[PDB]
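Summary of the model geometry
Given next are the chains, with one letter for each unit.
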Amino acid sequence: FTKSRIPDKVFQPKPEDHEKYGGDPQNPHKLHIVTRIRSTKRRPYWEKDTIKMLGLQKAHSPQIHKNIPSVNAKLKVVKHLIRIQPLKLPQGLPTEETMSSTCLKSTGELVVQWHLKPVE
Amino acid sequence: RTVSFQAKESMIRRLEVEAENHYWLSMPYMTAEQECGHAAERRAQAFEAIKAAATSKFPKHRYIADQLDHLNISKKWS
Amino acid sequence: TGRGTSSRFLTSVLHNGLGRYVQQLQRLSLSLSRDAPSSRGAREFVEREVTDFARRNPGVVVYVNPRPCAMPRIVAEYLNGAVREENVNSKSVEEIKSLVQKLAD
Amino acid sequence: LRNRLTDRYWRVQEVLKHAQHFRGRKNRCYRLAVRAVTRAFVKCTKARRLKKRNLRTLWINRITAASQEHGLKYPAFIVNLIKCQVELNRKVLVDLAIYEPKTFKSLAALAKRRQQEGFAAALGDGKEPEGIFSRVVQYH
Amino acid sequence: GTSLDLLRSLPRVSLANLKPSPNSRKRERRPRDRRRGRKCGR
Amino acid sequence: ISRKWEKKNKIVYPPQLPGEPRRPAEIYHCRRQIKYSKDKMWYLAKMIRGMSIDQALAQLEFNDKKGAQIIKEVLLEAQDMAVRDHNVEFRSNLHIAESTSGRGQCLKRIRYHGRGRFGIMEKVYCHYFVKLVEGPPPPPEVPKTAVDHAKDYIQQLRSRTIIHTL
Amino acid sequence: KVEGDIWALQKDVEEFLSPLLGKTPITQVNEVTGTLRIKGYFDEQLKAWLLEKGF
Amino acid sequence: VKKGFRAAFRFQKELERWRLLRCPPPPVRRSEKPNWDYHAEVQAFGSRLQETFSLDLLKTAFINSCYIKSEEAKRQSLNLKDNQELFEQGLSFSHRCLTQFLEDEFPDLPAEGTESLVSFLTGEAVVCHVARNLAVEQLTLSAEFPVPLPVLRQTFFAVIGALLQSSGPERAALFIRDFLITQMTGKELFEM
Amino acid sequence: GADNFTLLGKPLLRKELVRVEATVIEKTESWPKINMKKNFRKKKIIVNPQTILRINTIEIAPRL
Amino acid sequence: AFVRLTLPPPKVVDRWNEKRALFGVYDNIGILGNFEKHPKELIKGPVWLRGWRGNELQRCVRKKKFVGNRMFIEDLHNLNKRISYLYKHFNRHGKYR
RNA sequence: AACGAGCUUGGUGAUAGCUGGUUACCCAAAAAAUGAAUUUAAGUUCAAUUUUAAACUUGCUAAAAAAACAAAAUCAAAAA
RNA sequence: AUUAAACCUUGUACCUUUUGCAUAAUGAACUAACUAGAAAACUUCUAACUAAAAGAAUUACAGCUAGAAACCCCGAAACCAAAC
Ligand SMILES: [Mg+2]
Ligand SMILES: [Mg+2]
Ligand SMILES: [Mg+2]
Ligand SMILES: [Mg+2]
Ligand SMILES: [Mg+2]
Ligand SMILES: [Mg+2]
Ligand SMILES: [Mg+2]
Ligand SMILES: [Mg+2]
Ligand SMILES: [Mg+2]
Ligand SMILES: [Mg+2]
Ligand SMILES: [Mg+2]
Ligand SMILES: [Mg+2]
């Protein structure tokens, strides 16, 4: 049992894949939302290390990571233990005023105005 | 020995989630060459913090007030 | 220890909150030594914190008894008739102040 | 005998008082009482966490009893109440069934109505107006 | 000095008030408790 | 040793008021260091429990055990002092409130065995205790009737509460 | 053998030694003994320094 | 014989604990115990209930006729004023107050019902429970302890009589509502 | 809820509809609870602060 | 266990008897007395351990040096055997080599 | 009244790489059984691991091309 | 837990030992008392004085002096000397 190298074809999407997941092959998203959803117990030690490097020690708690190849390379190692979701900014990036009023939704949207009131 | 219906359904769910992980990992924002050096400053100062703590170890100050305060144990109402 | 001990149900002394809230603690007794290392912290409680506690609680009668003593002790009596006793031996002002407030509530 | 332990009496009493309600020599003999007391302590700690799961099993059984009176299986009752944005928990639901039978009956009708709406919505494919009770109040 | 002024206020020095310099003495460990008993480090 | 049973006869109660039930007289008597097993004595002491003085003496007079004669003598000693010292008006007006056997101070000896081996013999002694109360024997216990049993069952049902809820 | 305000002496030493090191020196003040302890070897610079102050 | 004085001292405490269980002490009046000042206790009683009293009247309310007889008997071997007059006013006012409240709440209920409930709420059992737990028994002066129930009931309403004079009917009505009208909580009609 | 009607929030009712008022009557601590994960002394006693609240009024207004 | 049923007689310590009152006097006889006498000369005790300290093996050998030839036959036999017991322990037995 | 060599006392607390036992609380960290020599494999010493304190600076993962045999263990700039 | 002692639910005695497992296996009838880690070469910590320290004999290219800190109990078959 040794580390495996996945064929490059796995990470080359198909036209229907873009339709299903609703992601444009151009203007790719910038930030990942990564959550660990399985345990590192009974997994090889290299998988254990990458999980600690990425900060996913606690399960079901989301961490933000750069959508850059070096980060992606580690994520591919632990692809089976995590869920990757594209961070969305419906109302734009938070500013100094809106830093204290943010909330990350389950949908993947970081809203900058969080009122806890009926939409009305 | 057959495999339950719970067991086969739950794995397919996990496969579907992992299938999506494949897709989201196929669209890197920055190429490899563009990546070089974009975070050099933060990494440099971060280690300087590590070194500063490591080399700042030293004994603690000792004060007269601590030693002389033990005498208060025999304080009384005169 | 549940099967080895008694149990009761949630209750109030005389429907305390229905008409008017009444404070159950009704008496505090503090015995002290004028000169004893164990009672140093209790002595400071009398100097600084006893009067303010007495004013905040006008239904609690407070008795302070400086006397030749070996351990300072707090005795708390309630309207329903319960009596509770506390060793105050070698406790700081902060601990004795914290303990006294818990008894009142 | 320069130094001899002088508190052994109170050390023995500590273990014994936790054993007086046992039967046999376990209740009076320290060597046997000590082992019996520890097993009780281990059991007492572990039962603290099994208590919370046993009461939830009890609540579910009582809820299934109350819902089946009105003709609903437990899964349908719980699920369809949630889809109406009602966040009553299982402990509170049991209290309603036992002490508020008329209010619980209304919840059963409400959960049945939402279930009835769900069948029509899924059964009729395409764009059909959403059910009256299937409307979801959004928050922001 | 200011240190001597503190002595003026403080209670008398006596045999009942003595204390060693902090950390002057280590504490010796007997092989009695479970941590240091049993096989006793051997 | 401990010899409390003898002093139980020296309690002095204060004079009773005219409007109060007459207190029954109580007599405590014992025999110490009887060459007899306390276990064997238990059966004799047990048998006369609750019986009247004359009934107990009749049962003892025709028993073949050694302790039976010993218990009879104690009862006669107790009966006489009750009239003589405890102001009991009638000899027959007495019943055995308490009667029990206690261990005494024994001796250790050697019982020989076949192969140069031995065992620890015990020369057993016992105590005998009685308390005599003036008045007729209390009435015997009556078994619970069917209706008596049924009512308890219904009370058990009526005590029920809804468990683990408001 | 430092008498007076031992804390004042530290401030002066920190200013005196900082330019050479480029950072504030790590020190311990033992007020009971009356001694100032500095990390690293600075005896030569600190002996000439004291001579000029006249100690 | 093992060294030391402390172990013997600890076991002396145990011997005290056992003796009390086997031979429980006769209950004693709290006054006879240390840490007691009558004047301060009376003021705390008023302040406890968040009410203002005229201390002279309150002291009279606690006094009982039986107490005076005992003191005179000891004196034989200041006449003062008994709670009687205060007792009558307090009982009479309380009877009207309880009746008035029930009629407004339960207009239909027959006059026979109000008399029973009013008698129940002013009865020895109900007043005894309230009076004891408000410290009334501690402050009562009487010739016998524990205070007999009729004497305890008499003083409790005497306190209301003193309160009525000091702060008027409006405040006295609140006191009846707070401590007596609460005692019918959870009680079905035909139990009372 | 009442005898003849009830109001349900989604998931909470409006402030105007329902006003519930309580009082804090007692602040205490629980009885000593034993935690023992063996020995007889490898034991922790847990006491946690507690508060008792009396519920005084539930009021509704016609703002439906 | 069993415990005393009565308090033992009160123990009285008089803190100002001559021995307690004047304890410690003439302990600076050297520095305050021009060093004619060392304080160790003021110690009262066994001849072989005045102004000296050692472990049990060292104490056994030193007692033998000072009074070995004035000891009783039974005591010298026991003293000699104790030396050999302690010699074999300290030099052959223990955790640390 | 236990003779392949009597019994008693002393030497003597004989020695035992073997068996058993080795007495309060709490916090923390934590291996192995890989390698080497040994009348040595029921033991011990060293390496290796672990640990505590101290000094100061790069470490872990990953690591292209290119190399040493070859279609992943060594080695391994920049990065992240 | 319970309104309720028992019914309902959960739960493969302990120490050592195997191996980090036992339904192995050793030891324990129970009570009271008694019954097993001891040393300063080096290291660390706290002070005194300091090119010197130590109350003679010693160490020293910041050292030297003092304090504190450490390494178990029981058990053979045997061997030898002198008596009996
Ligand atoms: Mg669960
Ligand atoms: Mg023979
Ligand atoms: Mg036998
Ligand atoms: Mg040996
Ligand atoms: Mg070997
Ligand atoms: Mg290996
Ligand atoms: Mg070789
Ligand atoms: Mg060889
Ligand atoms: Mg690199
Ligand atoms: Mg075997
Ligand atoms: Mg030691
Ligand atoms: Mg040999």
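What counts and how
Residues numbered from 1 in each chain as written, not as in the entry; some residues may be left out. Chains lettered and ligands numbered in written order. Part of a larger assembly, values for the part shown. Heavy atoms only, no water. Helix = DSSP H or I, 4+ residues; strand = E, 2+ residues; numbered from the N terminus. Buried < 20%, exposed > 50% of the residue type's maximum accessible area, 1.4 Å probe, protein only. Patch = residues over 30% accessible without salt bridge, like charges linked within 9 Å, V, L, I, M, F, W, Y side chains within 5 Å. Areas by Shrake-Rupley, 256 points an atom, 1.4 Å probe, with all protein chains shown as cover. Salt bridge = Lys/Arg side-chain N within 4 Å of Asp/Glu carboxyl O. Axes fitted to C-alpha atoms, helices over the stretch in contact; angles between N-to-C directions. Left-handed = near helix turned anticlockwise from the far one by under 90°. Contact = heavy atoms within 4.5 Å. Nonpolar A, V, L, I, M, F, W, Y, C, P; charged D, E, K, R; others polar. Buried area = accessible area lost by both parts, 1.4 Å probe. Polar contact = N/O pair within 3.5 Å; in protein donor to acceptor, adjacent residues only side chain to side chain. Pairing = 2+ DSSP bridges.

In the PDB header, cryo-EM is given as the technique by which the entry was determined, and 2.85 Å as its resolution.

Remarks on the environment of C40 of chain E
All names here are of chain E. Positionally, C40 belongs in the segment after α1 (2–9). On the accessibility criterion, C40 (37% relative accessible area) is partly exposed. Along the sequence, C40 and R30 sit 10 residues apart, while their C-alpha atoms lie 9.4 Å from each other.

Description of a nonpolar patch on the surface
Residue and element names in this part refer to chain E. On the surface, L4, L7, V13, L15 and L18 cluster together into a nonpolar patch covering about 540 Å² of accessible area. By the element assignment, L15 lies in the segment after α1. Judged by relative accessible area, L15 falls into the exposed class, the value being 79%.

What to know about unusual backbone geometry
Along the chain, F145 of chain H connects to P146 of chain H via a cis peptide bond; the corresponding omega equals 0°. Note that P146 of chain H resides in the loop between α8 (136–139) and α9 (149–179). The omega angle of the peptide bond from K10 of chain I to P11 of chain I is 0°, so this bond is cis rather than trans. Mapped onto the elements, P11 of chain I comes out in the segment before β1 (18–29). Despite not being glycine, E120 of chain A shows a phi value in the positive range, around 50°.

Re the packing of helix α1 (residues 40–56) of chain C against helix α2 (residues 93–104) of chain C
Residues and elements named next belong to chain C. It is the contact of α1 with α2, at a shortest axis distance of 9 Å, that shows an interaxial angle of 35°. Considering how the two elements wind past one another, α1 and α2 form a crossing that is right-handed. Across from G41, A42, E44, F45, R48, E49, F53 and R56 in α1, the residues of α2 making contact are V93, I96, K97, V100, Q101 and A104. Grouping the constituent residues of the contact of α1 with α2 by class yields 7 nonpolar, 2 polar and 5 charged.

Overview of the pattern of salt bridges
Taken as a whole and assessed by the stated rule, the structure comprises 33 salt bridges over all chains. A salt bridge links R84 of chain C to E86 of chain C, with the shortest nitrogen-to-oxygen separation between them at 3.0 Å. Overall, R84 of chain C belongs to the partly exposed group, its relative accessible area being 39%. Here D80 of chain F ties to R84 of chain F by a salt bridge, and the two come within 3.1 Å at their closest N and O atoms. Here the residue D80 of chain F and the residue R84 of chain F both occupy positions in helix α4 (residues 66–85), the gap between them amounting to 4 residues, near one helical turn. Residues joined in a network through salt bridges with shared partners are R20 of chain C together with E51, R177 and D178 of chain H.

Details of the interface of chain B and chain A
With 21 residues of chain B in contact, the opposing surface of chain A contributes 30 residues. Taken over both partners, the interface formed by chain B and chain A buries close to 2,400 Å², and the fraction arising from carbon and sulfur atoms is 62%. Summed over the shared surface of chain B and chain A, the number is 0 salt bridges. At the surface where chain B touches chain A, the tally comes to 9 residue pairs in polar contact. For the side of chain B that touches chain A, the secondary-structure elements that each account for two or more residues are α1 (5–24) and α2 (32–35) of chain B.

Re the pairing of strand β1 (residues 31–36) of chain A
Residue and element names in this part refer to chain A. Burial runs high along β1: 5 of the 6 residues are buried. Pairing of β1 with strand β2 (residues 63–66), which is carried by 4 bridges, proceeds in the antiparallel orientation. Counterpart to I33 in the pairing with β2 is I64. Bridge count for β1 against strand β3 (residues 82–86) is 5 bridges, and the pairing is antiparallel.

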